[PDB]
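Student: This is the structure I want to talk about, given as structure tokens.
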Amino acid sequence: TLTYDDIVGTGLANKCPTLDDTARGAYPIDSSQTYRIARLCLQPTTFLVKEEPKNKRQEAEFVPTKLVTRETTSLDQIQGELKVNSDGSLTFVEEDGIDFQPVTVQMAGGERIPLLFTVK
Amino acid sequence: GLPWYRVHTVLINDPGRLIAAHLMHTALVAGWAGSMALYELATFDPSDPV
Ligand code: CLA
Ligand code: CLA
Ligand code: CLA
Ligand code: CLA
Ligand SMILES: CC1=C(/C=C/C(C)=C/C=C/C(C)=C/C=C/C=C(C)/C=C/C=C(C)/C=C/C2=C(C)CCCC2(C)C)C(C)(C)CCC1
Ligand SMILES: [Ca+2]
């Protein structure tokens, strides 16, 4: 574990935790025991912006873009119940947390494309 | 003295100022190139090569 000071300024604070190469197991679900997600976390790696095919509809694709703001992208502290369903499936239901971050990326042209990257 | 259309003959044999002159010209032609570029970059649209 590292204290605040052990992270401050490294940018490490905007990174969801990681599991080692080992941890490739399996977790059990009691289906008779409620479960919740104590901490969901999402870290962006890429932001692609589908381009408008001009008038000539020719099918448009997504293109990479430069992150003009900085390392403020990550969503963290997400939480909610992970109810088990009758058919034995699982559906997560978020309640609260840093569930959104305003991001801004530039493009080929120089156009800044702001988005409210979220999962509310 | 000199007619207007002859003022540059003042260099016919002053290798020094002839080079000084030729240097200034190159400067303007190079200068033009640089800035004609910027003008196109400030107005050219890459949005569609087709
Ligand atoms: C390629 C290089 C070149 C060079 C180094 C010269 C050099 C010279 N020429 Mg000459 N000339 C050239 C091409 C060239 N010429 C061509 C292609 C033509 C046919 C149009 C002529 C026709 C010509 C005539 C009829 C005469 C000269 C004369 C002279 C001498 C003039 C002295 C002076 O004070 O200029 C004076 C120049 C001015 C006062 C200003 C001219 C302003 C107007 C017409 C143009 C402005 C142009 C613009 C700013 C940029 C032009 C860019 C260009 C690429 C088109 C000088 C040594 C004179 C001479 O022999 O004197 C003893 C003379 O009577 N030239
Ligand atoms: C492109 C290169 C060029 C070069 C190297 C020269 C070089 C020279 N010129 Mg020319 N000249 C040019 C272009 C050029 N001229 C043009 C286009 C014109 C208009 C016709 C003239 C008209 C001219 C005259 C009438 C005389 C000379 C003279 C002389 C000599 C002057 C010595 C001196 O004390 O400077 C002083 C003289 C100058 C610096 C030339 C004037 C330059 C002015 C016209 C323009 C400056 C450009 C401006 C700030 C930017 C443009 C912006 C745009 C939006 C309009 C020198 C060897 C003199 C001479 O024969 O001496 C023995 C002289 O009497 N020149
Ligand atoms: C022995 C080698 C030699 C070399 C390599 C050159 C080379 C050159 N001469 Mg030349 N010259 C020589 C001998 C030589 N000369 C002799 C014995 C005479 C009789 C006196 C002349 C008389 C002469 C005249 C009258 C003129 C030239 C010009 C030019 C230039 C034309 C192209 C240009 O300006 O583009 C531009 C490309 C560049 C600026 C990049 C060059 C980068 C390096 C090579 C040089 C950086 C500058 C350096 C400190 C000084 C250069 C000295 C030069 C002799 C190499 C060119 C750099 C013309 C000129 O000066 O036009 C403006 C011109 O009018 N020369
Ligand atoms: C590739 C070849 C090339 C050649 C051979 C020349 C040759 C010449 N240039 Mg240059 N030039 C070139 C490329 C070239 N240029 C490029 C790429 C640029 C950047 C755009 C310039 C920019 C430039 C400037 C800014 C000036 C020259 C000038 C000159 C002349 C200097 C010597 C002189 O006194 O002539 C005697 C001058 C003449 C014989 C003029 C006749 C020009 C003919 C060819 C066309 C006339 C058409 C029309 C009246 C011009 C419209 C002008 C507009 C303002 C309304 C010479 C004839 C100088 C000049 O013209 O001084 C008077 C000058 O000031 N040039
Ligand atoms: C000094 C210096 C510097 C800077 C520089 C600069 C900034 C420059 C600029 C330059 C420029 C900015 C230039 C420009 C030029 C231009 C030109 C050269 C033009 C020309 C024109 C013409 C010639 C025209 C004509 C015509 C007309 C009008 C019409 C009809 C046709 C014709 C075409 C004839 C530096 C920092 C590097 C360092 C060292 C020092
Ligand atoms: Ca666009």
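By order in the structure tokens, chains are A, B, ...; within a chain, residues start at 1; ligands start at 1, following the order shown.
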Can you check which residues of chain B have any atom within 12 Å of chain A? Use only C-alpha atoms and format it as number ranges by chain.
Tutor: B: 41-50
Student: Please return as a VMD selection string the residues found within 9 Å of ligand 2, counting only C-alpha atoms and all ligand atoms.
Tutor: chain B and resid 2 4 to 11 17 to 29
Student: Mind checking which residues fall within 6 Å of segment 66-75 of chain A, counting only C-alpha atoms, ignoring those fewer than 5 positions away in the same chain, and posting them as number ranges by chain?
Tutor: A: 14, 41-43, 98-99, 101, 104-106
Student: Using only C-alpha atoms and all ligand atoms, can you tell me which of B:12, B:30, B:3, B:40 comes closest to ligand 4?
Tutor: B:30
Student: Which residue is closest to residue 100 of chain A? Choose from A:113, A:2, A:119, A:48 and count only C-alpha atoms.
Tutor: A:119
